[PDB]
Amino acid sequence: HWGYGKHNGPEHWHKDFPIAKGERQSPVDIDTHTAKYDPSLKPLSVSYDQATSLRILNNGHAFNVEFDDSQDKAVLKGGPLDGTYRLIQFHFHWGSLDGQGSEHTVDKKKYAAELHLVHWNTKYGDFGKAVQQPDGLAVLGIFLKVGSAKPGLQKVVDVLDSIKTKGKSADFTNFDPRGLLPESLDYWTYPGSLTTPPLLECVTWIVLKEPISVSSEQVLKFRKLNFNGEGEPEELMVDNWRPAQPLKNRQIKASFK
């Protein structure tokens, strides 16, 4: 199956997922000089006060923090979005060293990691139906740089020892994702895809301009996770990022002047 290594990584995915060479693939490089302010963007609304986290899972690619998405609780609205998008899960992409790990890049600069908060459009009823639609998903992307610790990340870091290997999960109730955001909601937006197989072209990307700072110790604990299952030879879970893909017939819009 697909992964990130030399023999099953991003350069191989097109053989089983031909959309990998499609017209609106993600991630992309964000050229900040070419991105244009868009006055038709409405105010962005991140409404996470009633979020209900449930569980954290090592899926063999990354770890997902899962939310109760049976009701609107935690929703993203506004900005480029028509309608209401409900939070289903968040996860990260990160590197083997601080100089790489992000999927999006900013004027070709790679960050140490990138957080993705995944939401689905409630007009389609369920995530599975949403991923059959051009406007089914909205992903809020946040860059991580290494500096001061992020206090709102520490609960995540401290549970990772209990989900070291593929297929392990743990209770993860009462986690507040608001503690993962930066101060500013300035953003760039463009139409794209899932960055993992099946690479479906369903996503409105909203990438925040301001990175969050995390400590070296925090990201080092991400790098102690394993891609492999229990009892199998250790393969550290690092470099679980797809590189930038061709922009093709797209424009990146900015929320700020």
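C-alpha atoms forming the largest set that superposes within 1.5 Å between two forms make up the rigid core. Throughout, we count residues from 1 along the sequence that is shown.
The stretch that moves more in 4 other deposited structures of this protein, judged by CA deviation after a rigid core superposition and choosing between 226 to 234 and 38 to 46, is 38 to 46. With 211 to 219 and 33 to 41 compared on mean CA B-factor from the PDB entry, the stretch scoring higher is 33 to 41. When the mean C-alpha temperature factors of 136 to 144 and 82 to 90 are read from the deposited coordinates, 82 to 90 comes out higher. Compared with the other modelled residues of the chain, the Cα B-factor recorded for residue 191 ranks in the lowest third. Among the modelled residues of the chain, residue 103 sits in the lowest third by CA temperature factor in this PDB entry. Among all modelled residues in this chain, the alpha-carbon of residue 229 has a temperature factor (C-alpha) in the highest third. Among all modelled residues in this chain, the alpha-carbon of residue 119 has a temperature factor (C-alpha) in the lowest third. Among the modelled residues of its chain, residue 182 has a C-alpha B-factor that falls in the middle third according to the deposited record.
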